[PDB]
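Heads up: the structure comes next, in structure tokens.
Cβ placement follows ideal geometry from the backbone for every residue including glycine, while neighbour counts extend to all protein chains displayed. Taken together, the values in this text are just the output of simple stated rules run on the coordinates, not laboratory data.
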Protein chains: 2
Amino acid sequence: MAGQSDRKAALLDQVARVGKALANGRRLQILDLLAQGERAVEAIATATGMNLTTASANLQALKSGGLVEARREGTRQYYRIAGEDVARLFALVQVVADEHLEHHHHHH
Amino acid sequence: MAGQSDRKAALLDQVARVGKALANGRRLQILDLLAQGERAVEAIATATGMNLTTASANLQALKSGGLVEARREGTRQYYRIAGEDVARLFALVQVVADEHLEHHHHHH
């Protein structure tokens, strides 16, 4: 209670940070693809129709946000969602948006 | 038959939209405040130390993302989290953020 703890602003900073990474749309194609399995940069880029150079750039953007991480198998860099925390969050935002855009008139 | 149709792309646009709303720290504080109950613009503005007109813009942005809804009674415009689903999202990301905000050292 002494004074006030504004450290929560750093918490909001992290929330905004992951938001900035997610807010793009095209980079969500990466998350969606990684949710189907962890993949190498070459695989992710080509599959989504993006250049490897540009992919590495925005993968680092997602990595710094805290969405994805990278593992080195041999000489390939495989990207995977940092943790199920972000994975389930991405699944959540997909579902919550889906059932709102597809607001079905359930009626029998 | 159905060969190829990229419909998921529009779904990602909606996700990017809510991401932009979450990418605003000043407005995230409002979400944490409105998670405590529905309150009129005047109350929200004063509590945060922001102008009513500016707060309205902040609130409108959140509402446009689908974060909060406008529940009007009498002569007051109360803002509240659009749904429990959305509240659980903000709660989730807040927990995820906090979980990464200094994980500390557990040596017991």
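Points worth noting:
- Residue list for the range A:45-66, filter: under 17 Å from A:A23 (Cβ atoms), among the polar types (S, T, N, Q) and either touching a residue at least 24 places away in the same chain (Cβ under 8 Å) or not in a helix (DSSP H, G or I) (or both): A:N58, A:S64
- The range A:17-39 - residue that is of a type in the set (A, V, I, L, M, F, W, C) and at the interface with chain B (Cβ under 7 Å from one of its Cβ atoms) and, of those, surrounded by the fewest Cβ atoms within 10 Å (Cβ to Cβ): A:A23
- Within the range A:11-36, residues that are part of a helix (DSSP H, G or I) have Cβ atoms under 7 Å from residues that are hydroxyl-bearing (S, T, Y) in these pairs: A:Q29/A:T48; A:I30/A:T48; A:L33/A:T48; A:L34/A:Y79, counting only partners at least 6 apart in sequence or on another chain.
- Going through (1) surrounded by 15 or more Cβ atoms within 10 Å (Cβ to Cβ); (2) over 22 Å from B:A91 (Cβ atoms); (3) in contact (Cβ under 8 Å) with a residue 24 or more places away in the chain one by one, B:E42 falls short only on (1).
- Within the range B:67-88, restricting attention to residues that are within 19 Å of A:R17 (Cα to Cα) and in contact with a strand residue (DSSP E or B) (Cβ under 9 Å, 6 or more places away or on another chain), the residue that is surrounded by the fewest Cβ atoms within 10 Å (Cβ to Cβ) is B:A87.
- Residues (within 11 Å of A:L101 (Cβ to Cβ) and either more than 7 Å from chain A (Cβ to nearest Cβ) or among the charged types (D, E, K, R) (or both)) located in the range B:4-16: B:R7, B:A10, B:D13
- Yes/no for A:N58 being over 20 Å from B:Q94 (Cα atoms), touching a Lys or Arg at 6+ places or on another chain (Cβ under 6 Å) and not acidic (D, E): yes
- Close pairs from the range A:67-89: first farther than 27 Å from B:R88 by Cα, partner surrounded by 15 or more Cβ atoms within 10 Å (Cβ to Cβ) and of a type in the set (S, T, Y), Cβ under 7 Å, at least 6 apart: A:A70/A:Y78; A:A70/A:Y79; A:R71/A:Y78
- Condition check for A:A91 on (1) within 17 Å of B:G19 (Cα to Cα); (2) more than 9 Å from chain B (Cβ to nearest Cβ); (3) in contact with a helix residue (DSSP H, G or I) (Cβ under 9 Å, 6 or more places away or on another chain): one failure, at (3).
- Within the range B:34-68, being within 16 Å of B:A87 (Cβ to Cβ) and over 10 Å from the mean Cα position of the chain (by Cα) holds for B:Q36, B:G37, B:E38, B:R39.
- Selection over the range A:73-108 of residues that are outside any helix (DSSP H, G or I) and of a type in the set (A, V, I, L, M) gives a count of 2.
- If you go through the range B:77-88 and keep only what is at the interface with another protein chain (Cβ under 10 Å from one of its Cβ atoms) and under 10 Å from the mean Cα position of the chain (by Cα), you end up with B:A82, B:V86.
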